[PDB]
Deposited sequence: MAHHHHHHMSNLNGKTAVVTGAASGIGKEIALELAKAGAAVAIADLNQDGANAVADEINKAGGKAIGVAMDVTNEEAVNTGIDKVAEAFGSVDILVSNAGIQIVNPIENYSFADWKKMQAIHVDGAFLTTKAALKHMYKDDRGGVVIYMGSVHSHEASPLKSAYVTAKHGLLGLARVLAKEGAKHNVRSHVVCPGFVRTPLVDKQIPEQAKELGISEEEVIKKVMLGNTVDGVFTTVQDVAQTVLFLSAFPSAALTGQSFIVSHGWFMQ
């Protein structure tokens, strides 16, 4: 139960972030949907508010320090606190290393890694006040732990998020701030639903051959894990990553 808590989810206009925001709101949290896509952010907030929850849409480029600061402070002013941060905005750009654009490389690191750093820095200024505390969750991937070809930038970024979370777990403990990384496997999306006919079988072998059961991870799987971490009564799980992938990479 998260009644009375406040959450900000970046990238929540779509996909995994959207489901996380809907389920945190369903659990009683007030939720700020932060996204580059301001229209989509407002659509999610207006869905939560029409269901009886409390939500705001926040226009936020997570690569832009001042926009991140302004958006996080806006959440704290609207809701009174920033108790849960889910750093989730992301994109994918594929190429082999020898033809990988350096501009693409930096954009990938800025969205995935700098966005996590910047939103964490802005949130901690609130969570640390009077040691109120907080939960900070980064959206990793099985690619935080394992590589695939053509994804050097993404894999590098998702690996780096583990390091940031592990430092935060150490620094944040004295202020009652916990850190975690959630690492989904392959989530079936509308784009995946178009590739399955295109690529062709593809499901169980090409896409999910590295799972134990050939089953896609769902946005519900991810959000339920986020809610469990967000509501956990102690700091016992701080610093840990959680692989939600149907057995693709086991630790």
{"query": "Missing residue ranges, deposited sequence indexing starting at 1", "finding": "1-10, 211-218"}
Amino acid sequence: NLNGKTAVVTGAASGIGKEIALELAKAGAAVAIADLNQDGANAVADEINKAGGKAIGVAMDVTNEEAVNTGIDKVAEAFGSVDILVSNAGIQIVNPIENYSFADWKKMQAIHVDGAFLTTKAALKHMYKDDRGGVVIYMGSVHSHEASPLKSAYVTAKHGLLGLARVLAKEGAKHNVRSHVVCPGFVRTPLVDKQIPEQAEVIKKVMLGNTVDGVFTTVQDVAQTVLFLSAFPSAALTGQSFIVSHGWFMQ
From here on, numbers count along this sequence of modelled residues.
query	finding
217-225 or 202-210, whichever carries the higher mean Cα B-factor	202-210
Residue stretch of maximal mean CA temperature factor, 127-135 vs 162-170	127-135
Of the residues 153, 85, 111, 76, the one carrying the largest Cα B-factor as recorded	76
Most elevated Cα B-factor in the entry, residues 92, 99, 148, 141	99
Relative C-alpha B-factor of residue 184, binned into the chain's lowest, middle or highest third	lowest
Residue 7 - which third its CA temperature factor falls in, relative to the rest of the chain	middle
Ranked C-alpha temperature factor of residue 239 among modelled chain residues, by third	lowest
CA B-factor placement of residue 56, once the chain's modelled residues are sorted into thirds	highest
Position of residue 71 among the chain's modelled residues by C-alpha B-factor, lowest, middle or highest third	middle
